[PDB]
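Since the structure comes first, as C-alpha cells, the remarks are kept for the end.
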Amino acid sequence: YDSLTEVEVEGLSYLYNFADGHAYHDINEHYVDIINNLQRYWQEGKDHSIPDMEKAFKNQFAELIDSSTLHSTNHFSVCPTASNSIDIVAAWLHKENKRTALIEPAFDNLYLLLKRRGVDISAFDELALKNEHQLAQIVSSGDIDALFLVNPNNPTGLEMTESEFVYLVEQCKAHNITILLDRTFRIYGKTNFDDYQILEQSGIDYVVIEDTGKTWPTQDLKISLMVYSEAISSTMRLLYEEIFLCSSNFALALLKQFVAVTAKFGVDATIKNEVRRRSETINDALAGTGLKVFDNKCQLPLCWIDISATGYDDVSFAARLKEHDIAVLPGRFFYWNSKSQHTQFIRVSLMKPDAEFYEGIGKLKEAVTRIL
Amino acid sequence: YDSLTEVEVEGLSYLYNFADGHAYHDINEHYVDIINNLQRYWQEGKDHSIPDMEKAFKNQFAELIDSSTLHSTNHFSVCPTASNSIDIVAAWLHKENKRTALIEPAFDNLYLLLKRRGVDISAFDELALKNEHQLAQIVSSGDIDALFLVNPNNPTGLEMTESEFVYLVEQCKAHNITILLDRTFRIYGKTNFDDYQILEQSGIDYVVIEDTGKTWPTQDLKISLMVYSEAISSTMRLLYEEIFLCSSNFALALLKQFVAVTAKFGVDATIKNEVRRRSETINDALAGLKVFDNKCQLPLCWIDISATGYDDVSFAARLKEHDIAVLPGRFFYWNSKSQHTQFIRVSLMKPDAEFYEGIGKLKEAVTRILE
Ligand SMILES: N=C(N)N/C=C/CC(=N)C(=O)O
C-alpha cells in the first residue's frame, strides 16, 4: 500500500467501511432542522459578502470554543479542506526553510504533504508532549526550527493538558520554534482552555488548523479555519491566494449553523454522547477476543486496536477482514518513520451511517470469531 | 499588487465587484427547482457511495458535452476546485522533471502554482495554437517536455478548432510532449467536438481539467474533473490522494442536476442567452475604451484602454473611487507584464441587479474620469 488514503479509497467499495474517519453518521434529532431548512442557509450565503461570512463562521466557532483571542484576530484563511491548509503550511515551511519535526504517530498524509513540498522532516515522539525532559532535548537540539503537532493526536487520542501546552509553547519561544497545530479533533478533546491566548501572548509564530470533517456530518462539504500569527500572516495569505480566492459562502452558512447548534444543546448532546455509545459497542463486541482496545487520553471517533494476540499483523488481518466485507485501516502507516516496528495495530472509525455501523460491528465480531 | 487574486480579494469589499470571474449571477427559471429541492440532492448524495457518485457526475458531464470517450474512461479524479487540480498537475510536472511551456496570456495563478511547485517554466505565445509553423517551431525545439494550455483561453477567448486541436495533439505526439489542457471555460465555447477522443486516439500522456465555478453559480460550491491517460494515472492518482480522499457527494449530486438541466434545455437558453445580454449591455455602455473582439465570447470582457493614456492599475484605482472594482490586465502576461499594461478585464457573471446597475455606474464613472 502507498498510503492510508489508498486503503481508504479501497474501503469505499466495501459493505462495512470502517477505514476513513470522515464524519458520515446520520443527522441526529438536533441537526434535522438544518437540513429541513437548507434554503435559509443558501439564502444567507447569498445575502452576505464573502469577507463577512468568513468572520461570521470564525467568531461562531470562537464562541463554541470560548476563545476571545480567536474572536478578535483577523489573521486567518478559510480552505475547503483541512488537508488544503496543511499543504499551504507545508509550502510555507519549505519557503521559509524551516526544519520541521513532525509528530509520530500521525495521519500519514501530513508527512506525505510535508515531503512532497520539500520540507526537512524530523520524527518527533508524541509522548514528549507529556514528558518535560524529552521535549526539552528535542527543542534544545538545534536540529529543528518548527514543530508540527496534532492535538488531540490521531489515532492515539493523546491530548495535551493546559500545563503541558503552556510548557510546550514556552520552550518553543525560548528557541524561536514555530508551532503548527492540527486541531482537527478539538471538539472530541476533554480539555477546555484557550490555546489561542497562550499562543498569541507568547508572541511566537504559529499556525492552527481547524476542521469540520471529523465532527459534523456534511457529506465532505467542509470548512477548515487556518489561523496564524501576525508576523507570518501576509506570506501565509500569499500562499493561500495562489490556490484559493475563497471558500463557498453556502458551506460557511451551513457549518455555521452546525457549530451554533452544537453550542446551544452542548457537545455531549450533539457529539460526544453518540461517540461514547459507539465506543461501548466495539468494546462490548471485542471483549474476550485477544484484541486489546487502546485506552489510558480522550475519546476520538476512532478505535485503536491491538491485535497482537490474534497472531496476524495489521495488513494481513485487514486482508482477512476484507474477505468478510469489512474494511479497516492497518496501523503501521501512522508511525510513518518506523512502520515495520508498529504492525500490531488496526484502526476502526466510528462516525459511519448508523444502520451500517451497528450491523457492521456485529459482523466484525462474527468475523473476528471465525478467525480463531 | 502581486497577483490577480490579490486584486480579486480586494474587490469583494466594493459595491460593484467586476474583478473575479466566478459565476455569481442569480438562479434563472431553469435552475430554481434545484434550490427549491436542495433536500433532494442532499438525500441523493447520502444514498449513494462515493465511487458511484463520482462516476455518475462524470457520465452526466460526458452526456452534456456528448463525449463517449470521457463516458468510458475511469482514470479521473474529483477535486473541490479546478486550481486544486492545476496544483496536482504542477506537482506531477515537477516529479517527472518535465520542462513545461505555459500559454501566455493566462490567469496568473496557473503560472504561480507551477512556479511554487518548482517546475521549469517557459512561455509560449497564445496564437501559436493557430499558426502551424509557429507551433511546430515550439514543439520541435527540444526545450520542452510538456505543454500547458487553457482552451478557451482566459481572457482573450481564443478557442482552438478541431483542425488545430488534432494538429496540436499529433505535433506533441511526435516529440514526447504531455498536453495539459484547461477546459474551465468549455461550455462557453462555440465549437463542439470530442477533445477526449482525439487525445485518447493519439496515445500521448495528457491531463484535462474541467470546472463548474465559471459556469454554474453555486456560491463557489464546485466540482472539477481531472481526467488523465492510463500511462500516468497511478502517479496522478497518488498525488491526488496525498491531498484528497474524495470530494463532496452532496456537491456532486447538486451540480450533476445543474449539468443535467443544461443538457435538456440547451446551453443557450440556460447559460449563453444571458451572457449575450450582458456582453451587449456593456458593449453599448462603452460605445473611448475599445472592447477586445475578433474567438468565443467568455463571461468576461477584455477592454483596451490605451486611448485613455492610462495604465491598467492607475485606471483601476481611479475606478475604485466610485465603488467599482475591475482587474488590471498586466498580470495575465505573467512572463511580460511590463509590455502589457494597456488592458482591463470586467466580469459579467455577477448578481443581476448588481451587474446592470453597476454597468451604468461604470459608464458614468468612465465619462466623469475622462472629463
Ligand atoms: N485527506 C486524505 N487524502 N485522507 C484523510 C484521511 C482522514 C482520516 N481518515 C482520519 O483522520 O482518521
Side-chain angles (χ1 to χ4, degrees), chain A residues 1-12 14 17-25 79-90 103 105-116 126 149-158 182-189 209-224 275 278-279 294 298-305 318 327-336 345-352, chain B residues 50-51 54 77-81 84-85 87-88 91 226 236-248:
Chain A
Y1 282 120
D2 292 308
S3 61
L4 288 172
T5 309
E6 184 192 26
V7 180
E8 289 178 359
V9 176
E10 193 190 20
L12 291 158
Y14 278 72
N17 184 15
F18 302 110
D20 74 274
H22 287 206
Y24 268 76
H25 56 285
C79 302
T81 79
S83 284
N84 284 130
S85 305
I86 306 178
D87 184 46
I88 297 162
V89 161
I103 183 178
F107 187 84
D108 71 347
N109 97 300
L110 272 83
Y111 163 69
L112 293 174
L113 284 165
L114 274 175
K115 172 143 294 302
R116 187 61 67 191
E126 81 169 337
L149 304 171
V150 184
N151 184 75
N153 196 18
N154 189 3
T156 55
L158 182 140
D182 193 337
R183 306 241 52 204
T184 290
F185 300 88
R186 168 199 295 271
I187 312 308
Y188 296 98
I209 296 158
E210 318 274 9
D211 169 58
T212 61
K214 296 291 177 37
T215 305
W216 293 287
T218 51
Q219 304 195 53
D220 263 288
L221 184 44
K222 297 164 290 194
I223 288 297
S224 167
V275 160
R278 302 195 185 209
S279 170
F294 184 80
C298 87
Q299 185 61 51
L300 295 172
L302 316 152
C303 188
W304 197 231
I305 299 176
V328 309
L329 273 188
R332 76 179 63 186
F333 299 100
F334 288 94
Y335 289 81
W336 50 268
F345 280 109
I346 64 168
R347 199 198 70 165
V348 177
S349 58
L350 289 128
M351 294 340 275
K352 296 309 141 185
Chain B
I50 282 176
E54 281 165 336
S77 286
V78 190
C79 296
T81 79
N84 286 329
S85 316
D87 192 49
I88 289 167
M226 188 172 66
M236 282 295 298
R237 187 59 188 184
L238 180 129
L239 297 168
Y240 167 88
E241 289 180 3
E242 286 183 348
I243 314 183
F244 304 104
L245 153 74
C246 54
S247 266
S248 171

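When a ligand or atom number is given, it counts from 1 through the structure's own listing order. Values below: every heavy atom of this structure, side chains too, minus hydrogens, waters and symmetry copies. Letters A, B, ... mirror the listed sequences (proteins, then strands); counts begin at 1.
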Q) Do A:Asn109 and A:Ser83 have a side chain donor and acceptor closer than 3.5 Å? A) yes
Q | Closest contact, heavy atoms only, B:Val78 versus B:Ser247 | A | O-OG, 3.2 Å
Aromatic rings [X] and [Y]: how do their planes relate, parallel, tilted or perpendicular, breaks at 30° and 60°?
| X | Y | value |
| --- | --- | --- |
| A:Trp304 | A:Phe334 | perpendicular |
| A:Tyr1 | A:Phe333 | perpendicular |
| A:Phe185 | A:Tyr188 | tilted |

Q | Residues in the immediate environment of ligand 1 (any heavy atom closer than 4.0 angstrom) | A |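 Around ligand 1, where the cutoff is 4.0 Å for heavy atoms, the contacting residues are A:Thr5, A:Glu8, A:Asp20, A:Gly21, A:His22, A:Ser83, A:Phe107, A:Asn109, A:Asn154, A:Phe185, A:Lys214, A:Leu302, A:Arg347, B:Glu241, B:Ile243, B:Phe244, B:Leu245.
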Q. Yes or no on salt bridge (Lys or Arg N to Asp or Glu O under 4.0 Å) for A:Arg347 and A:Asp20, after CA distance, side-chain angles and deciding distance?
A. CA-CA 9 Å; A:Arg347 199 198 70 165; A:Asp20 74 274; over 6 Å; no
